[PDB]
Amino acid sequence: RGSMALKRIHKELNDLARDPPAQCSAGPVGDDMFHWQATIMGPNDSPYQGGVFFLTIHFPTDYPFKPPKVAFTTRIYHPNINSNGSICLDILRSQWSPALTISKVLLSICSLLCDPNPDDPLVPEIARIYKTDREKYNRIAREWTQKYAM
């Protein structure tokens, strides 16, 4: 909160609107600027193609000096995202910089969907299938996009 965070959050939203991310949405849920929602459409040639994924974003009271809290509300079959929707991404913690923006964060997540990090698994078994039988990985990933993201 405080003046500085609110001003930076709103500055981020204006830049995001003036340069609409490719089929990815993000903005405040209602009138509290520290509470955002993002919608991500599955990449075109990924097993997530066709699905729509919703996330919750919570800016810390000291933003940009603290990272935002991001999580999936939509179920997804992925090695770096568990059942609580928790996202295992470095920039969301240790590789966090005040020079980063939510726009960069969304992009970083989009990439995560396209290229998982099986070496840093949040879900062991999904990491395994991915590494040892990627065709199956894609079939199951495609299946969950049907049951949960459409």
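The first residue of the sequence shown is number 1, and the count goes up from there.
- For the segment pair 84-92 and 66-74, the entry gives 84-92 the higher mean B-factor, averaged over Cα atoms.
- Here the stretch with the larger average CA B-factor, out of 26-34 and 110-118, is 110-118.
- Within the group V52, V123, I57, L100, the record's highest C-alpha temperature factor is found at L100.
- For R142, the recorded CA temperature factor ranks within the lowest third of the chain's modelled residues.
- Annotation for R18: C-alpha temperature factor in the highest third relative to the rest of the modelled chain, per the entry.
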